[PDB]
Amino acid sequence: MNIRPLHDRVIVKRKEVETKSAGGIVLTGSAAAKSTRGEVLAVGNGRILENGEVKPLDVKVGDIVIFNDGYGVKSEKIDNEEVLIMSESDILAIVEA
Amino acid sequence: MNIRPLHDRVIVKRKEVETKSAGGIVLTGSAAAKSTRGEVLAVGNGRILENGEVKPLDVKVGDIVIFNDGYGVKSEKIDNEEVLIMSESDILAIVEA
Amino acid sequence: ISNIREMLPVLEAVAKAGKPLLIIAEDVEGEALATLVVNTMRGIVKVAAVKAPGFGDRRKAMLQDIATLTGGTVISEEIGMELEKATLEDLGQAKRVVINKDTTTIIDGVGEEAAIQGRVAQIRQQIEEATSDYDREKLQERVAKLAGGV
Amino acid sequence: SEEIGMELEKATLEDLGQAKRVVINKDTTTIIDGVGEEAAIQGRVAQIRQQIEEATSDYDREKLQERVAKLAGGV
Amino acid sequence: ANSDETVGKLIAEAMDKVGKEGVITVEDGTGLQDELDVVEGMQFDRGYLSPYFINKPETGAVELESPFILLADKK
Amino acid sequence: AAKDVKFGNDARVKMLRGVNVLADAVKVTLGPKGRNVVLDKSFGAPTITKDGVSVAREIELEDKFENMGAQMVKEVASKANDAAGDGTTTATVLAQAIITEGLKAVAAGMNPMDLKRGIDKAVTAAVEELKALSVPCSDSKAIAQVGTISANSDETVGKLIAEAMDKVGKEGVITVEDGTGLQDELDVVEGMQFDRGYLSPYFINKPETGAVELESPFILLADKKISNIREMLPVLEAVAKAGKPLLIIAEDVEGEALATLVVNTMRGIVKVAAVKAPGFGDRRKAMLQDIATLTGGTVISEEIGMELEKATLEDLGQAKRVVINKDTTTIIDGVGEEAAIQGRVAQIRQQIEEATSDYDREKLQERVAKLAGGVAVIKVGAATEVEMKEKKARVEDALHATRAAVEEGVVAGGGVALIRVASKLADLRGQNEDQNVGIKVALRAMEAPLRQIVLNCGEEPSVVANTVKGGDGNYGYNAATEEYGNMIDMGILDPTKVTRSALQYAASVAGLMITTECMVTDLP
Amino acid sequence: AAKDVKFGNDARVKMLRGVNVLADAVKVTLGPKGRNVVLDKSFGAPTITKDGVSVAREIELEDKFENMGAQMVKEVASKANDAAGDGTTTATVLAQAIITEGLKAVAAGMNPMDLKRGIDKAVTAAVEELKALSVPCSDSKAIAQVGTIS
Ligand SMILES: Nc1ncnc2c1ncn2[C@@H]1O[C@H](COP(=O)(O)OP(=O)(O)O)[C@@H](O)[C@H]1O
Ligand SMILES: Nc1ncnc2c1ncn2[C@@H]1O[C@H](COP(=O)(O)OP(=O)(O)O)[C@@H](O)[C@H]1O
Ligand SMILES: [Mg+2]
Ligand SMILES: [Mg+2]
């Protein structure tokens, strides 16, 4: 089954644990560090705060995103796959172009 | 590929680790200190806070800025280049003239 | 001397006069020294640095000797002074200096023999009221380093 | 060295030494035939020449003579 | 060496190869006969930091040709 | 401290009483009619032994000078033993002989430095002569004969040694340890096995042995401690799909991981077992590599930047069966092709060549055996502890002499080889007369071991030596049967390397000693 | 430490007095007309015992050689006991007996290593003999007899 994040929470999936390429030709062996990029899988209707109306989120289903990996984020398992649940407050940018 | 900061976040690049000149003729060797100046590469649409409307940021793409280097700021890598991601809350001034 | 900041106003007044500089301080540690070393290396300003003579109380008095011989002004935080507020004028001067692995030597100081002879006439009576045998050796040494030879 | 205020990062190929072959064991590295011109070799040897002259000690003398040999003749 | 022609000869021989600025040291031997080692040029007392570098396991030692050398005066 | 200095014949005389008290305690044990010495111990019961270097190490004398004597000849016996673990009494006997004679000639007023030169020349010559009489010992029978003769004529030791040497092959280790009962027993473990038990007694699928057994199992080699089960999952499940059991040899398996493994194997999920890695420190990783090779698996260490999670079935080693006890894992028949087995063996071949140490040599030879031949253990039987000690020592002793036979050959025992090289050098001469006596001094000592063998039988050394000297080749005196004959045919073989080390070492120190003119030491 | 070495008959005689002091303390206790020995104790009251391995463990002698005698036979009594917890006196008695007689034969000029082989042969044969005389003890009455006689 798939997931449905509650208003303002966003469901994303992590990317590569130090993709062995950085710098150029040199395949940097894992230096004890994690990835901050991720694919957005689902979106909550949007933040309700301050009563009057409910604003959408500025990320769509399937965007590529740099987030801030911190306390806001949680680790979960869907069909046995590594997925994260943070709020848009934690999403920083979108890698495009 | 290039980057697209999420509303209110700003993407900047750092400048010189104690440019060897300060004082005058003397090339001050690195004293264990970093730079607070930087070039603005991308801008988020702007802060959404308090529902009603969404105000732009007062920094444009390509400004030179003094920011406050602190917790608000994060370190990332684009095409293999050292770029930082803080919100306008952390930008203090713009060096012009 | 730990912070190079303390030096800058001075080091640069010297870079403008185009003359080299000796630094005799209580000590020159990591942060300051390193940078001095980097600055002298690149052909910026010709400089050298070397510990002060002896320790304890005589250091200050003996560093004063050095002041007198070269017509400079001792910069201590005791009279409430800062390195930063020191123009070229405070600096001593000589015609040549020579320093080894463990030996600094100043040749021919700018100090007028009016002031040289005077400071010598003071350490003249230091020995007269030196009520000890060890407090007598050092004074006679200094007298020789300022008057005759060793 | 970080003593002259230097960073590894700011080092082009040019800073690197070079040789024709190197051989290293469990406890022995050895460089065969270095690119350094004998102009500079002979010079640095003429410096450690006088290190021994003013080596006022017996133990500060052994090491210098060693190095001379590793740079000039053989061990 | 109390009339030991062989000592005479080995000394003479070493003196000849390491030249005039070369060290000669004596240490216990493995077998019954005296033996003279002469190391050619420059070499010091340091092994690889990981036995993985070893591109020739038959010697148990590392070998590189025309290599650049990075000299870092720091950990 | 103030010293007591002693000069010429005076210092020598004391030196020689010194050599003598030792030499005599050592002699009593020489040959088949050897007798035993008892060496006391503040520890516990005394020690009864026949073993020259054991007696020798104990001798220390009260006369500071006599003592110097003794502490110097003591080294022949000591080196003799570090060199071939046998012949140490013979060694002793030749030195007491080279000294006795040598000194007597310094009293005649020869120049001892020349006495010495001739004694060495004599000896260098004798060693060549031995290499020339030496014939290879390579059938199982001869090997038994060296063992047997080494073990004071214990045919059973000869045999057992010969037997082991046969099964573990040429690159196999043989070790001796106390046995349980009264009779000697030879164990031979087949192929590869090390000192590690299951990490939980729950893995045990066969309680009657008290031990674990798996067939066609995959082998997970992890060069790292295992705490998180997460690290395992991708793997454990690839194995559950192939329906085969799994051995886990890691640096260790602790609480969290282990517990769960234990829970998973229990419920009949996947058949698994786990056991610590062999040894510690640096060899672990190299030795775990051995296991990789034997079973055609890939070591998974965080050193090459590897993660357990990223390991398919392919990385796993494999074998046909494994057997693990309370403290013993053993892998039977690994999948590794003998192309790769033989290769990794050809590497640890030269590990020993450049093993500049004695302890860095033992381990390598062990591994070679666990990968090539087999490992054998002998258990010595004895009624008592006084008995186990002396017997065990002899087996040990002969274990050595056979290893020596095999690498260097055999010559005629009962001191015959030496008595024969002595007539071969009847014509040796040196640069001057003193050296000529010095030569003759050694040739004469060369008779010593046969002379003592005989005297220990209570017959007359110089009648026996005369008749032996009157014969040829390998004619010699059988002390045990008190009859003459061919010593090779009678199986009285000395390993050449020992007969030669006896001569070398005894002359090497006897030589120096007879050139004492002053002796310095402490006041009483 | 400097050592005292003793050879042949000299060393054996000492050896034997050794065996003897020990053997004789242990013997007084053999059989139903056994008597007791008293072994002192720095601890508290002495110990009266009939039990050969108890007496044996105490004997240590002042002559270092007589002592080696005693410390050697002492293991027969000791092993006998680890093996069946009984018969330790008898064992001691037999050894003193094998030794006495044997040494007497070494003095006759026999070759001890053979004296030994013959003693062992004699024994391996005796042990077979014993297994032959042995009849099972399996009723309660016989068990009580071994108990009782023990
Ligand atoms: N029946 C025999 N006749 C003569 N010599 C024998 C006989 N059996 C063994 N030997 C000899 O015993 C000598 C050494 O035995 P051993 O007492 O251990 O002296 P070591 O400690 O010097 O090995 C060897 O030279 C061997 O040839
Ligand atoms: N009435 C008896 N007549 C003869 N021997 C006896 C008698 N009772 C017991 N024994 C014997 O006593 C011997 C040993 O008793 P003990 O003094 O305990 O010696 P140990 O310590 O050697 O057991 C045994 O041989 C047993 O046969
Ligand atoms: Mg032997
Ligand atoms: Mg009883």
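Following Swiss-Prot, chain F shows residues 2-525, kept in their order.
Here the Cβ of each residue, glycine as well, is placed from N, Cα and C on the backbone.
For F:30-33, F:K51, F:87-91, F:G415, F:479-481, F:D495, the entry in Swiss-Prot reads ATP binding site, with the evidence type experimental evidence. In this structure, F:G32 (ATP binding site) belongs to neither helix nor strand by DSSP; it is coil. Taking a C-beta cut-off of under 8 angstroms and a sequence separation of 6 or more, F:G32 (ATP binding site) has the following same-chain neighbours: F:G415, F:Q453, F:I454, F:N457, F:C458, F:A480.
With a 10 A radius on its CB, F:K34 (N6-succinyllysine) counts 23 other CB atoms from all the protein chains. The feature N6-succinyllysine is assigned by Swiss-Prot to F:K34 (among others), with experimental evidence given as support.
Annotated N6-succinyllysine per Swiss-Prot: F:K51 (among others), in sequence order. Summarising the environment of F:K51 (ATP binding site), the number of other Cβ atoms within 10 Å of its Cβ, over all protein chains shown, is 21.
Classification of F:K117 (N6-acetyllysine) by DSSP places it within a helix. According to Swiss-Prot, the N6-acetyllysine annotation covers F:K117, on the basis of experimental evidence.
Sequence-distant contacts of F:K117 (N6-acetyllysine), defined by Cβ-Cβ distance under 8 angstroms and a gap of at least six in the same chain, are F:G439, F:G512, F:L513, F:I515, F:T516. Taken from Swiss-Prot, the feature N6-succinyllysine covers F:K117 (among others), and the record attributes it to experimental evidence.
Annotated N6-succinyllysine per Swiss-Prot: F:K277 (among others), in sequence order, evidence recorded as experimental evidence. F:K277 (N6-succinyllysine) has a Cβ environment of 20 other Cβ atoms inside 10 Å.
Secondary structure from DSSP puts F:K321 (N6-succinyllysine) in a beta strand. Sequence annotations record features per position, and here Swiss-Prot assigns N6-succinyllysine to F:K321 (among others).
According to DSSP, F:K390 (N6-succinyllysine) sits within a helical segment. The feature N6-succinyllysine is assigned by Swiss-Prot to F:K390 (among others).
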C-alpha spacing of F:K390 (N6-succinyllysine) relative to F:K51 (ATP binding site), in angstrom: 11
Neighbourhood of F:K390 (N6-succinyllysine), C-beta criterion under 8 angstroms, separation at least six: F:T48, F:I49, F:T50
For F:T30 (ATP binding site): intrachain residues, at least 6 apart, with Cβ closer than 8 Å: F:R36, F:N37, F:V38, F:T50, F:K51, F:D52, F:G53, F:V56, F:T90
Top Cα neighbour of F:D495 (ATP binding site) in the set of modified residues F:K34, F:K277, F:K321: F:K34
Nearest-integer angstrom distance between the alpha carbons (Cα) of F:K34 (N6-succinyllysine) and F:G88 (ATP binding site): 16
Short-range recorded positions relative to chain G, from F:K34, F:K117, F:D495, with Cβ separation under 8 Å: F:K34
Distance-selected recorded positions near ligand 1 (C-beta under 6 Å), from F:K34, F:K51, F:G88, F:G415, F:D495: F:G88, F:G415, F:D495
